[PDB]
Amino acid sequence: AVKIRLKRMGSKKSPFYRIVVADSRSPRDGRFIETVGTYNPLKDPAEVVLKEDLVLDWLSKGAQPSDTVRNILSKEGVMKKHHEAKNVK
Amino acid sequence: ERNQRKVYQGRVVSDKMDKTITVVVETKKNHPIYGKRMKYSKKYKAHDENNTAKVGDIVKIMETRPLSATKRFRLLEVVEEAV
Amino acid sequence: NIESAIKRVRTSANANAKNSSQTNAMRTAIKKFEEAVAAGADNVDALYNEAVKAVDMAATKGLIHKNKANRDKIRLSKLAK
RNA sequence: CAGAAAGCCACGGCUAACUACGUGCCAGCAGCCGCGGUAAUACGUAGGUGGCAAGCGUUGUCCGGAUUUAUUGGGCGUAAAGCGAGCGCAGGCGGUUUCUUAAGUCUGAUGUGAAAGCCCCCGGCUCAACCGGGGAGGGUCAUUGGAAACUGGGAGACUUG
RNA sequence: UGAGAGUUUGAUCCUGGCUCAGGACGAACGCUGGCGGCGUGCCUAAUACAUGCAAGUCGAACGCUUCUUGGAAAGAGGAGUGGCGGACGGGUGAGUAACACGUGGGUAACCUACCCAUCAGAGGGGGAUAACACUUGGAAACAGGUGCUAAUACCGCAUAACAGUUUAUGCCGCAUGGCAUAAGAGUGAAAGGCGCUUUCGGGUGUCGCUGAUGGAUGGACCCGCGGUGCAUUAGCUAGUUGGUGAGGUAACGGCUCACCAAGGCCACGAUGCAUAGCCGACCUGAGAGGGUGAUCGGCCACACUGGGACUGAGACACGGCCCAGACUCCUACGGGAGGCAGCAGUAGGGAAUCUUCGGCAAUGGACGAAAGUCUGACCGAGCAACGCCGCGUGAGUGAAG
C-alpha cells in the first residue's frame, strides 16, 4: 500500500508545500522511504519543482499518486506519460 | 546462501555435560578513557556429538540455531590436543 | 463507549457459536479416527479419509491458515497411511 | 498632522559616576573585603553623573573561570599525602638474537551511519530570520586485499641479569 | 580559537579554600503600551471529569418500509442483513538496568488480504433467519414465543496437488541440510454484480472469487559490541544446565510434559538495593569532556487497578467485550449506567502556564461504478511582551548661554 503524497512547511499566513513519497501506513509529514519534489503555494504561476525521475520508477513498483499529484503532474504530463509509457509500455 | 558464521577459535574449558562442552574465546581491547589494552573474555556453550575435545583442546566453533536454553554453538575442527 | 461496533460484537458472537461447533466437529472427527488406529480392527480407511476431509474442509471451508492442517496431515500420513 | 510612539539599576575598592544636610555605637547596608560611632562618594533624603537600551532589575538551576580529580593537565623530606616491616597466589611489566606468524598496529577498495539538525558553497522571501539545492561530520562498524618495523603466538641460540 | 580579580601577615614568598567579572529561566516583572515577521506555552497530582465534538462507508451483494407527485415510477428517506474500516490518526512517560535503545548482522528454524506479475480455473441445490405481523415478561436496559422471506449471508457434493511428504536420478553446501526432473495417498469457488449487442442468441468489456508460485510493504525470532550509582550489596539457581522422546508453536527452543544425569552463572562484579523511558539532537568548553532528554522527528511501553480471552490474517484491542477490586449516577430497589494520559473547556495542587471559531477550500486518511459523507488530523483564525528576526518615537539649521 505504498503511496506518494504531499507535505506542508507553513509559517502563519504564507505556506510552503512539498511532495513526499512514502507508504500509506505512515503519517503524512512523518516517516517515509525516499523523496520526490515540491511546489510553491504562492505566486501563481508558481514553481513546479519536480524530480520527475522516481514517479515512473515508483509506479513500476505500483502505487497510487493522489489527487493533487495527478493534476499537477498532468501539467507536466507524467500521468499522461504514465498511461502513455505503461499502457503502451 | 551467502554468509557463514563468525568462527571464534576458542579453547575448551569444561566438558562435563553430555553432547556439550565449553569453548572460551579471548580478545583484548582499549579503555574508554585511558589507553592501555585490557583483557577479557566470554564463555560459549558448544554442542558436540559425543564430547570429543578434552580439557584445554583448541577448536573453532560455528553457530547454528537455538538448540537449548540459549546455547548456540557447534564443533568444527579439533585443532590441537592437550596431553 | 459504544458507537457502531455493537454489530461487530453480535457478528463475533455468531462466529463464536459456529466456529465452536466447527472446531468441535473437527476435533471429534480426529479423535474418532485416532481411536481406530491404536485399535487395529476394521474401519481404518473410511474414517481415515474422513479425518483428512475434516482437516482440509476446516482448513479451507473453515480456517486456520494452511499449516496446522499441513502439520496434521504430515503427522497423520507419517503415522497411519 | 512632527503631531500618537519612553521606560530600567548603582556610583568605598574589585567595577566609568559628586555634592548639601539629617539619624550621628544608633537607626540599616553589604557578592566579598568590609561600613557605621557629628564632619559617611558605604546609614537616608535631594539633585548631578554612568551602562544597556520597550525592554531592563531580583531569584533559582547548568557549564566555565577550576590544573579545585590533572589521559590531554597535579604530587607525597619538612604543608594534606609512603602502609611498622617481611614472605608470596592471582595480576602488571620484562635481557640479546635467526626464521615464521599476523592477534594488536598502519594502509586501499566496498555497503551503511534517516530527513530536518550545526557549519560551509549557492538562492528566494524589500534584507533579515524562515525555506530550497549540494557535499564534509557522526564506525571504537561489516566484508574483502596488502604491509611484517614495534607489541603479541611457534621453533632454535647466547651469557651480561 | 586558552586574558585574571580580590581576601591569611607589621610587612615577604609559597601552598591553599571562599567570592566575582562570561554565557543556556521550555513558563513569577511590581514598569509600559509599536511588535502587526518566526516560534513556544501544566515539568507539581499517571489528580477527579460536567458540556459538545473527536469513525464511519457501501442501493452495481441483498431483501423490507416513510414522502413530492387507485393504477405511475424518478429523486428522497427509515431499519436490517451483509462487506470493509474501527489495530491508522491523536495523548502520556507510570513502569522498564532488558537485545527495551543505538549500531553492525543472521532467516539451510520465519509469517502477511490491503499493489502489480504468472498459471490453473471459476456448477447444480438445501434449510433456516433478520427485517417483517401479533402476543408474553418487562420501570427501564433488554429478553421471549409463532409464522413467512432474500442474497456476493450460511450450509453439504463433483473436479486439480503445481502445496506437502516418500522414492529414484543429478548437482552442491557451514552440522543439520539445500536445488531441478520423474512418480506412490486427500483436498475449492461468489455457480456473483453492472452495461452493450439483445432475431432463438449468449458472446461479452469491467468489477469481483478460489488454488499454487513471485516481487514489493508490514510484523516476528536470534546474535557481537556500547551507554548508572552502591561491595557499610559475595554468592546466586532447580525447569535451573544438558541429553532422551512426545505435545505444542508462522516459526527454533525445557515454551510444556515423562525419563537419565547434576549441571549453570560469578571478583572482568553474578545476584541484591536505589534512580531513570532510550535516541537524532541542543542559545556550555580552546579542546579533551562535562550537563540536560521540550520541541520536531524515530523506537518502546501504558489506557481508574489487576486478570482473561473472542472476532479479525493482523489486538490480548485508547472512545470493543467477560470477571474480580476501588470510585461515581439512577432504580418502580428486583437491577442497571461510567472511565478526556483524543480537542477545547472544568475543580484541586502549585513559584508558576491559554479560545469551548470555521472548514475539508489546501493536504492526509476511510469506503465506493459516482456525486459524495466524516475528521478537535490538518489548514488556518481569537489570547500570554513568552522568547529571537527587522525596523520605529523626526531630520538639516539654529544662544555669550
# chains A, B, ... in the order shown; residues from 1 in each chain; ligands from 1
call {"tool": "residues_around", "arguments": {"residues": "residue 2 (chain B)", "least_positions_apart": "2", "cutoff": "12 Å", "atoms": "only C-alpha atoms (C1' of nucleotides)", "output": "ChimeraX atom specification"}}
result
/B:4-5 /D:143 /E:106-108,173-174
call {"tool": "write_last_selection", "arguments": {"atoms": "N, CA, C and O atoms (P, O5', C5', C4', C3', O3' and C1' of nucleotides)", "output": "PDB file, in the first residue's frame"}}
result
ATOM      1  N   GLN B   4      28.460 -17.354   6.129  1.00  0.00           N
ATOM      2  CA  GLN B   4      28.597 -18.292   7.232  1.00  0.00           C
ATOM      3  C   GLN B   4      28.582 -17.542   8.559  1.00  0.00           C
ATOM      4  O   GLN B   4      28.211 -16.369   8.636  1.00  0.00           O
ATOM      5  N   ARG B   5      28.984 -18.226   9.622  1.00  0.00           N
ATOM      6  CA  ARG B   5      29.076 -17.622  10.938  1.00  0.00           C
ATOM      7  C   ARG B   5      30.509 -17.231  11.249  1.00  0.00           C
ATOM      8  O   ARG B   5      31.467 -17.803  10.724  1.00  0.00           O
TER       9      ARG B   5
ATOM     10  P     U D 143      33.733  -8.984   9.425  1.00  0.00           P
ATOM     11  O5'   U D 143      33.764  -9.066   7.831  1.00  0.00           O
ATOM     12  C5'   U D 143      32.859  -9.904   7.122  1.00  0.00           C
ATOM     13  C4'   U D 143      32.869  -9.620   5.640  1.00  0.00           C
ATOM     14  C3'   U D 143      34.195  -9.819   4.929  1.00  0.00           C
ATOM     15  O3'   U D 143      34.465 -11.175   4.634  1.00  0.00           O
ATOM     16  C1'   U D 143      33.241  -7.774   4.245  1.00  0.00           C
TER      17        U D 143
ATOM     18  P     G E 106      23.652 -10.332   6.957  1.00  0.00           P
ATOM     19  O5'   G E 106      23.142 -11.553   7.836  1.00  0.00           O
ATOM     20  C5'   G E 106      23.981 -12.671   8.080  1.00  0.00           C
ATOM     21  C4'   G E 106      23.248 -13.755   8.824  1.00  0.00           C
ATOM     22  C3'   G E 106      21.910 -14.172   8.233  1.00  0.00           C
ATOM     23  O3'   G E 106      22.050 -15.123   7.190  1.00  0.00           O
ATOM     24  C1'   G E 106      21.682 -13.829  10.559  1.00  0.00           C
ATOM     25  P     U E 107      20.989 -15.180   5.985  1.00  0.00           P
ATOM     26  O5'   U E 107      19.681 -15.793   6.650  1.00  0.00           O
ATOM     27  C5'   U E 107      19.691 -17.105   7.196  1.00  0.00           C
ATOM     28  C4'   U E 107      18.316 -17.550   7.613  1.00  0.00           C
ATOM     29  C3'   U E 107      17.315 -17.667   6.462  1.00  0.00           C
ATOM     30  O3'   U E 107      16.555 -18.864   6.579  1.00  0.00           O
ATOM     31  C1'   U E 107      16.440 -16.268   8.170  1.00  0.00           C
ATOM     32  P     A E 108      16.243 -19.714   5.259  1.00  0.00           P
ATOM     33  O5'   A E 108      17.643 -20.364   4.890  1.00  0.00           O
ATOM     34  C5'   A E 108      17.710 -21.625   4.238  1.00  0.00           C
ATOM     35  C4'   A E 108      17.953 -22.728   5.231  1.00  0.00           C
ATOM     36  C3'   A E 108      18.852 -22.333   6.393  1.00  0.00           C
ATOM     37  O3'   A E 108      18.401 -22.956   7.583  1.00  0.00           O
ATOM     38  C1'   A E 108      19.827 -24.137   5.210  1.00  0.00           C
ATOM     39  P     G E 173      30.618 -27.788  -2.577  1.00  0.00           P
ATOM     40  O5'   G E 173      29.862 -27.208  -1.302  1.00  0.00           O
ATOM     41  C5'   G E 173      29.525 -25.831  -1.234  1.00  0.00           C
ATOM     42  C4'   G E 173      28.466 -25.557  -0.197  1.00  0.00           C
ATOM     43  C3'   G E 173      28.906 -25.669   1.244  1.00  0.00           C
ATOM     44  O3'   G E 173      29.669 -24.565   1.676  1.00  0.00           O
ATOM     45  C1'   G E 173      26.841 -26.748   0.994  1.00  0.00           C
ATOM     46  P     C E 174      31.005 -24.828   2.516  1.00  0.00           P
ATOM     47  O5'   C E 174      30.462 -25.372   3.908  1.00  0.00           O
ATOM     48  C5'   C E 174      31.346 -25.592   4.991  1.00  0.00           C
ATOM     49  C4'   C E 174      30.647 -25.425   6.313  1.00  0.00           C
ATOM     50  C3'   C E 174      29.602 -26.467   6.657  1.00  0.00           C
ATOM     51  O3'   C E 174      30.183 -27.665   7.143  1.00  0.00           O
ATOM     52  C1'   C E 174      28.833 -24.289   7.233  1.00  0.00           C
TER      53        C E 174
END
call {"tool": "residues_around", "arguments": {"residues": "residue 10 (chain A)", "least_positions_apart": "6", "cutoff": "10 Å", "atoms": "only C-alpha atoms (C1' of nucleotides)", "output": "number ranges by chain"}}
result
A: 16-17, 41; D: 130-131; E: 379
call {"tool": "write_last_selection", "arguments": {"atoms": "N, CA and C atoms (P, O5', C5', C4', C3', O3' and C1' of nucleotides)", "output": "PDB file, in the first residue's frame"}}
result
ATOM      1  N   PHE A  16       4.539  26.869   2.575  1.00  0.00           N
ATOM      2  CA  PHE A  16       5.292  26.228   1.516  1.00  0.00           C
ATOM      3  C   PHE A  16       4.956  24.752   1.562  1.00  0.00           C
ATOM      4  N   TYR A  17       4.778  24.135   0.404  1.00  0.00           N
ATOM      5  CA  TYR A  17       4.378  22.737   0.353  1.00  0.00           C
ATOM      6  C   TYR A  17       5.447  21.914  -0.349  1.00  0.00           C
ATOM      7  N   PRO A  41       3.261  27.202  -3.009  1.00  0.00           N
ATOM      8  CA  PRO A  41       1.844  27.546  -2.849  1.00  0.00           C
ATOM      9  C   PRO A  41       1.520  28.993  -3.154  1.00  0.00           C
TER      10      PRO A  41
ATOM     11  P     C D 130      16.025  30.584  11.345  1.00  0.00           P
ATOM     12  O5'   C D 130      14.515  30.785  10.859  1.00  0.00           O
ATOM     13  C5'   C D 130      13.575  29.717  10.907  1.00  0.00           C
ATOM     14  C4'   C D 130      12.565  29.795   9.788  1.00  0.00           C
ATOM     15  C3'   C D 130      12.804  28.856   8.617  1.00  0.00           C
ATOM     16  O3'   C D 130      12.368  27.530   8.854  1.00  0.00           O
ATOM     17  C1'   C D 130      12.359  31.021   7.788  1.00  0.00           C
ATOM     18  P     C D 131      13.210  26.285   8.281  1.00  0.00           P
ATOM     19  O5'   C D 131      12.889  26.275   6.718  1.00  0.00           O
ATOM     20  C5'   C D 131      11.564  26.125   6.222  1.00  0.00           C
ATOM     21  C4'   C D 131      11.499  26.420   4.746  1.00  0.00           C
ATOM     22  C3'   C D 131      12.500  25.669   3.885  1.00  0.00           C
ATOM     23  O3'   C D 131      12.110  24.351   3.564  1.00  0.00           O
ATOM     24  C1'   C D 131      12.557  27.954   3.312  1.00  0.00           C
TER      25        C D 131
ATOM     26  P     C E 379      -1.314  22.684  10.006  1.00  0.00           P
ATOM     27  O5'   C E 379      -2.232  23.448   8.962  1.00  0.00           O
ATOM     28  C5'   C E 379      -1.965  23.405   7.570  1.00  0.00           C
ATOM     29  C4'   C E 379      -3.145  23.915   6.791  1.00  0.00           C
ATOM     30  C3'   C E 379      -3.450  25.391   6.970  1.00  0.00           C
ATOM     31  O3'   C E 379      -2.677  26.216   6.113  1.00  0.00           O
ATOM     32  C1'   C E 379      -5.433  24.130   7.254  1.00  0.00           C
TER      33        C E 379
END
call {"tool": "select_by_dssp", "arguments": {"residues": "chain A", "states": "strand (DSSP E)", "output": "list in words"}}
result
residues 2, 3, 4, 5, 6, 7, 8, 17, 18, 19, 20, 21, 22, 23, 38, 39, 48 and 49 of chain A
call {"tool": "write_last_selection", "arguments": {"atoms": "N, CA, C and O atoms", "output": "short mmCIF file (atom, residue, chain, number, x, y, z; two decimals), in the first residue's frame"}}
result
data_model
loop_
_atom_site.label_atom_id
_atom_site.label_comp_id
_atom_site.auth_asym_id
_atom_site.auth_seq_id
_atom_site.Cartn_x
_atom_site.Cartn_y
_atom_site.Cartn_z
N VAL A 2 1.88 1.26 -0.86
CA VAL A 2 2.73 2.44 -0.96
C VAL A 2 1.98 3.54 -1.71
O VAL A 2 1.07 3.29 -2.51
N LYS A 3 2.37 4.79 -1.44
CA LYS A 3 1.55 5.92 -1.83
C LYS A 3 2.36 7.21 -1.77
O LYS A 3 2.94 7.52 -0.73
N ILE A 4 2.38 7.97 -2.88
CA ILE A 4 3.09 9.25 -2.92
C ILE A 4 2.08 10.36 -2.66
O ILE A 4 0.89 10.23 -2.97
N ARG A 5 2.55 11.44 -2.05
CA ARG A 5 1.62 12.36 -1.41
C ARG A 5 2.29 13.72 -1.23
O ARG A 5 3.29 14.02 -1.88
N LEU A 6 1.72 14.56 -0.37
CA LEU A 6 2.21 15.91 -0.12
C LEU A 6 2.61 16.12 1.33
O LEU A 6 2.47 15.24 2.18
N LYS A 7 3.13 17.32 1.61
CA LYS A 7 3.73 17.65 2.90
C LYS A 7 3.81 19.17 3.02
O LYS A 7 4.24 19.84 2.07
N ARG A 8 3.39 19.71 4.16
CA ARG A 8 3.33 21.14 4.40
C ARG A 8 4.56 21.64 5.16
O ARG A 8 5.19 20.88 5.90
N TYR A 17 4.78 24.13 0.40
CA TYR A 17 4.38 22.74 0.35
C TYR A 17 5.45 21.91 -0.35
O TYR A 17 6.25 22.44 -1.12
N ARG A 18 5.47 20.62 -0.05
CA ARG A 18 6.39 19.68 -0.66
C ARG A 18 5.66 18.38 -0.97
O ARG A 18 4.89 17.89 -0.14
N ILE A 19 5.92 17.83 -2.15
CA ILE A 19 5.52 16.46 -2.42
C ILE A 19 6.44 15.54 -1.60
O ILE A 19 7.59 15.88 -1.32
N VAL A 20 5.89 14.42 -1.13
CA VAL A 20 6.68 13.41 -0.41
C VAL A 20 6.13 12.03 -0.77
O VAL A 20 4.94 11.86 -1.03
N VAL A 21 7.03 11.04 -0.84
CA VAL A 21 6.73 9.69 -1.30
C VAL A 21 7.00 8.70 -0.18
O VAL A 21 8.07 8.73 0.44
N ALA A 22 6.02 7.84 0.11
CA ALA A 22 6.05 7.05 1.34
C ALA A 22 5.22 5.79 1.18
O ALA A 22 4.86 5.40 0.06
N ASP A 23 4.96 5.13 2.30
CA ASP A 23 3.98 4.06 2.43
C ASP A 23 2.81 4.56 3.27
O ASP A 23 3.01 5.27 4.26
N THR A 38 8.65 19.17 -4.95
CA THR A 38 7.94 20.18 -4.17
C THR A 38 7.23 21.13 -5.13
O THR A 38 7.25 20.94 -6.34
N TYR A 39 6.60 22.16 -4.56
CA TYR A 39 5.85 23.14 -5.34
C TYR A 39 5.58 24.36 -4.47
O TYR A 39 5.41 24.24 -3.26
N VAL A 48 6.93 24.92 -10.19
CA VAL A 48 6.75 23.49 -10.37
C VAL A 48 8.14 22.89 -10.28
O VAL A 48 8.89 22.85 -11.26
N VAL A 49 8.51 22.43 -9.09
CA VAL A 49 9.87 21.97 -8.82
C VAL A 49 9.77 20.46 -8.61
O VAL A 49 9.60 19.96 -7.50
#
call {"tool": "closest_atom_pairs", "arguments": {"of": "chain B", "to": "chain D", "cutoff": "9 Å", "atoms": "only C-alpha atoms (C1' of nucleotides)", "output": "JSON lines"}}
result
{"residue": "B:27", "atom": "CA", "partner": "D:103", "partner_atom": "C1'", "distance": 8.3}
{"residue": "B:28", "atom": "CA", "partner": "D:104", "partner_atom": "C1'", "distance": 8.3}
{"residue": "B:29", "atom": "CA", "partner": "D:104", "partner_atom": "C1'", "distance": 8.7}
{"residue": "B:30", "atom": "CA", "partner": "D:140", "partner_atom": "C1'", "distance": 8.7}
{"residue": "B:32", "atom": "CA", "partner": "D:140", "partner_atom": "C1'", "distance": 8.6}
{"residue": "B:33", "atom": "CA", "partner": "D:71", "partner_atom": "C1'", "distance": 6.9}
{"residue": "B:34", "atom": "CA", "partner": "D:71", "partner_atom": "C1'", "distance": 5.5}
{"residue": "B:35", "atom": "CA", "partner": "D:71", "partner_atom": "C1'", "distance": 7.6}
{"residue": "B:37", "atom": "CA", "partner": "D:104", "partner_atom": "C1'", "distance": 8.9}
call {"tool": "closest_atom_pairs", "arguments": {"of": "chain A", "to": "chain D", "cutoff": "10 Å", "atoms": "only C-alpha atoms (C1' of nucleotides)", "output": "Markdown table"}}
result
| residue | atom | partner | partner_atom | distance |
| --- | --- | --- | --- | --- |
| A:9 | CA | D:131 | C1' | 8.2 |
| A:10 | CA | D:131 | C1' | 9.3 |
| A:11 | CA | D:130 | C1' | 8.0 |
| A:15 | CA | D:131 | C1' | 9.8 |
| A:16 | CA | D:131 | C1' | 7.7 |
| A:30 | CA | D:115 | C1' | 9.8 |
| A:31 | CA | D:115 | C1' | 8.5 |
| A:32 | CA | D:115 | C1' | 9.0 |
| A:33 | CA | D:114 | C1' | 8.9 |
| A:34 | CA | D:115 | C1' | 9.0 |
| A:35 | CA | D:115 | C1' | 9.3 |
| A:38 | CA | D:132 | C1' | 9.6 |
call {"tool": "residues_around", "arguments": {"residues": "residue 205 (chain E)", "least_positions_apart": "5", "cutoff": "12 Å", "atoms": "only C-alpha atoms (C1' of nucleotides)", "output": "PyMOL selection string"}}
result
chain E and resi 194-196
call {"tool": "write_last_selection", "arguments": {"atoms": "N, CA, C and O atoms (P, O5', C5', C4', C3', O3' and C1' of nucleotides)", "output": "PDB file, in the first residue's frame"}}
result
ATOM      1  P     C E 194     -26.916  -6.935 -12.100  1.00  0.00           P
ATOM      2  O5'   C E 194     -26.207  -5.703 -12.823  1.00  0.00           O
ATOM      3  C5'   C E 194     -26.238  -4.408 -12.238  1.00  0.00           C
ATOM      4  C4'   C E 194     -25.229  -3.481 -12.866  1.00  0.00           C
ATOM      5  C3'   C E 194     -25.406  -3.201 -14.350  1.00  0.00           C
ATOM      6  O3'   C E 194     -26.351  -2.166 -14.589  1.00  0.00           O
ATOM      7  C1'   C E 194     -23.132  -3.698 -13.885  1.00  0.00           C
ATOM      8  P     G E 195     -26.812  -1.765 -16.081  1.00  0.00           P
ATOM      9  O5'   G E 195     -25.665  -0.802 -16.613  1.00  0.00           O
ATOM     10  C5'   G E 195     -25.847  -0.026 -17.780  1.00  0.00           C
ATOM     11  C4'   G E 195     -24.931  -0.472 -18.889  1.00  0.00           C
ATOM     12  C3'   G E 195     -25.593  -1.194 -20.042  1.00  0.00           C
ATOM     13  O3'   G E 195     -26.240  -0.307 -20.928  1.00  0.00           O
ATOM     14  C1'   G E 195     -23.557  -2.265 -19.471  1.00  0.00           C
ATOM     15  P     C E 196     -27.431  -0.844 -21.850  1.00  0.00           P
ATOM     16  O5'   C E 196     -26.673  -1.456 -23.104  1.00  0.00           O
ATOM     17  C5'   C E 196     -25.810  -0.646 -23.876  1.00  0.00           C
ATOM     18  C4'   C E 196     -24.921  -1.473 -24.764  1.00  0.00           C
ATOM     19  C3'   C E 196     -25.628  -2.419 -25.707  1.00  0.00           C
ATOM     20  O3'   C E 196     -26.191  -1.753 -26.820  1.00  0.00           O
ATOM     21  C1'   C E 196     -23.737  -3.482 -24.770  1.00  0.00           C
TER      22        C E 196
END
call {"tool": "interface_residues", "arguments": {"of": "chain E", "to": "chain B", "cutoff": "12 Å", "atoms": "only C-alpha atoms (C1' of nucleotides)", "output": "MDAnalysis selection string"}}
result
chainID E and resid 105:109 172:179 221:227 239:244 252:255 260:265 268 288:289
call {"tool": "write_last_selection", "arguments": {"atoms": "C-alpha atoms (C1' of nucleotides)", "output": "PDB file, in the first residue's frame"}}
result
ATOM      1  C1'   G E 105      24.457  -8.511  11.330  1.00  0.00           C
ATOM      2  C1'   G E 106      21.682 -13.829  10.559  1.00  0.00           C
ATOM      3  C1'   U E 107      16.440 -16.268   8.170  1.00  0.00           C
ATOM      4  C1'   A E 108      19.827 -24.137   5.210  1.00  0.00           C
ATOM      5  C1'   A E 109      14.479 -22.665  12.320  1.00  0.00           C
ATOM      6  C1'   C E 172      26.187 -28.508  -4.152  1.00  0.00           C
ATOM      7  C1'   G E 173      26.841 -26.748   0.994  1.00  0.00           C
ATOM      8  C1'   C E 174      28.833 -24.289   7.233  1.00  0.00           C
ATOM      9  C1'   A E 175      26.427 -29.607  11.061  1.00  0.00           C
ATOM     10  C1'   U E 176      21.700 -30.046  10.423  1.00  0.00           C
ATOM     11  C1'   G E 177      20.760 -29.710   5.084  1.00  0.00           C
ATOM     12  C1'   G E 178      19.567 -27.310   0.089  1.00  0.00           C
ATOM     13  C1'   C E 179      18.488 -27.091  -5.649  1.00  0.00           C
ATOM     14  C1'   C E 221      12.916 -14.510  16.283  1.00  0.00           C
ATOM     15  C1'   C E 222      18.383 -14.647  17.455  1.00  0.00           C
ATOM     16  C1'   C E 223      23.497 -12.759  17.615  1.00  0.00           C
ATOM     17  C1'   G E 224      28.758  -9.307  18.503  1.00  0.00           C
ATOM     18  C1'   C E 225      29.545  -4.560  20.561  1.00  0.00           C
ATOM     19  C1'   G E 226      28.080   0.483  23.514  1.00  0.00           C
ATOM     20  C1'   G E 227      25.666   3.956  27.237  1.00  0.00           C
ATOM     21  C1'   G E 239      12.650 -26.157  34.674  1.00  0.00           C
ATOM     22  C1'   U E 240      17.817 -24.444  36.672  1.00  0.00           C
ATOM     23  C1'   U E 241      22.052 -26.985  32.994  1.00  0.00           C
ATOM     24  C1'   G E 242      22.377 -30.785  29.310  1.00  0.00           C
ATOM     25  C1'   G E 243      20.526 -35.250  26.837  1.00  0.00           C
ATOM     26  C1'   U E 244      16.283 -38.559  25.504  1.00  0.00           C
ATOM     27  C1'   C E 252      13.616 -22.723  16.734  1.00  0.00           C
ATOM     28  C1'   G E 253      13.781 -23.797  21.779  1.00  0.00           C
ATOM     29  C1'   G E 254      12.634 -27.030  28.587  1.00  0.00           C
ATOM     30  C1'   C E 255       7.750 -22.980  25.595  1.00  0.00           C
ATOM     31  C1'   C E 260      18.618 -40.111  32.655  1.00  0.00           C
ATOM     32  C1'   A E 261      22.390 -37.421  34.999  1.00  0.00           C
ATOM     33  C1'   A E 262      23.881 -32.748  38.252  1.00  0.00           C
ATOM     34  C1'   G E 263      24.943 -29.199  35.511  1.00  0.00           C
ATOM     35  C1'   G E 264      24.873 -23.453  35.034  1.00  0.00           C
ATOM     36  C1'   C E 265      26.454 -18.128  36.336  1.00  0.00           C
ATOM     37  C1'   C E 268      36.225  -8.625  34.174  1.00  0.00           C
ATOM     38  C1'   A E 288      39.527  16.633  25.581  1.00  0.00           C
ATOM     39  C1'   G E 289      34.643  16.380  28.068  1.00  0.00           C
TER      40        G E 289
END
call {"tool": "residues_around", "arguments": {"residues": "residue 144 (chain D)", "least_positions_apart": "5", "cutoff": "12 Å", "atoms": "only C-alpha atoms (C1' of nucleotides)", "output": "list in words"}}
result
residues 108, 109, 110 and 111 of chain D
call {"tool": "atom_distance", "arguments": {"atom1": "CA of residue 79 (chain A)", "atom2": "CA of residue 51 (chain A)"}}
result
14.0 Å
call {"tool": "residues_around", "arguments": {"residues": "region 17-24 of chain C", "least_positions_apart": "6", "cutoff": "12 Å", "atoms": "only C-alpha atoms (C1' of nucleotides)", "output": "ChimeraX atom specification"}}
result
/C:10-11,30-32,54-55,57-59,61-64 /E:154-155,310-311
call {"tool": "write_last_selection", "arguments": {"atoms": "C-alpha atoms (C1' of nucleotides)", "output": "PDB file, in the first residue's frame"}}
result
ATOM      1  CA  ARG C  10     -23.001  -9.659  17.555  1.00  0.00           C
ATOM      2  CA  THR C  11     -21.098 -10.797  14.441  1.00  0.00           C
ATOM      3  CA  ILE C  30      -9.781 -36.517  14.594  1.00  0.00           C
ATOM      4  CA  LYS C  31     -10.217 -38.431  17.858  1.00  0.00           C
ATOM      5  CA  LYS C  32     -12.776 -40.745  16.208  1.00  0.00           C
ATOM      6  CA  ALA C  54     -12.382 -32.870   8.101  1.00  0.00           C
ATOM      7  CA  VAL C  55      -8.928 -31.298   8.452  1.00  0.00           C
ATOM      8  CA  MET C  57     -12.513 -28.631   4.924  1.00  0.00           C
ATOM      9  CA  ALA C  58     -11.923 -26.956   8.277  1.00  0.00           C
ATOM     10  CA  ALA C  59      -8.761 -25.502   6.743  1.00  0.00           C
ATOM     11  CA  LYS C  61     -14.136 -24.193   4.289  1.00  0.00           C
ATOM     12  CA  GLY C  62     -13.101 -23.188   7.776  1.00  0.00           C
ATOM     13  CA  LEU C  63      -9.808 -21.520   8.592  1.00  0.00           C
ATOM     14  CA  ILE C  64      -6.589 -21.860  10.460  1.00  0.00           C
TER      15      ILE C  64
ATOM     16  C1'   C E 154     -24.979 -19.568   5.921  1.00  0.00           C
ATOM     17  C1'   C E 155     -24.664 -24.846   4.822  1.00  0.00           C
ATOM     18  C1'   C E 310     -13.201 -13.757  21.311  1.00  0.00           C
ATOM     19  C1'   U E 311     -13.905 -11.649  16.087  1.00  0.00           C
TER      20        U E 311
END
call {"tool": "residues_around", "arguments": {"residues": "residue 128 (chain D)", "least_positions_apart": "2", "cutoff": "10 Å", "atoms": "only C-alpha atoms (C1' of nucleotides)", "output": "number ranges by chain"}}
result
D: 125, 130; E: 37, 389-390
call {"tool": "atom_distance", "arguments": {"atom1": "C1' of residue 120 (chain E)", "atom2": "CA of residue 1 (chain A)"}}
result
27.1 Å
call {"tool": "residues_around", "arguments": {"residues": "residue 247 (chain E)", "least_positions_apart": "6", "cutoff": "12 Å", "atoms": "only C-alpha atoms (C1' of nucleotides)", "output": "list in words"}}
result
residues 255, 256, 257 and 258 of chain E
call {"tool": "atom_distance", "arguments": {"atom1": "CA of residue 15 (chain B)", "atom2": "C1' of residue 237 (chain E)"}}
result
20.1 Å
call {"tool": "interface_residues", "arguments": {"of": "chain C", "to": "chain E", "cutoff": "8 Å", "atoms": "only C-alpha atoms (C1' of nucleotides)", "output": "number ranges by chain"}}
result
C: 1-2, 5, 8-9, 11-13, 15-16, 49, 52-53, 56-57, 60, 70, 74, 81
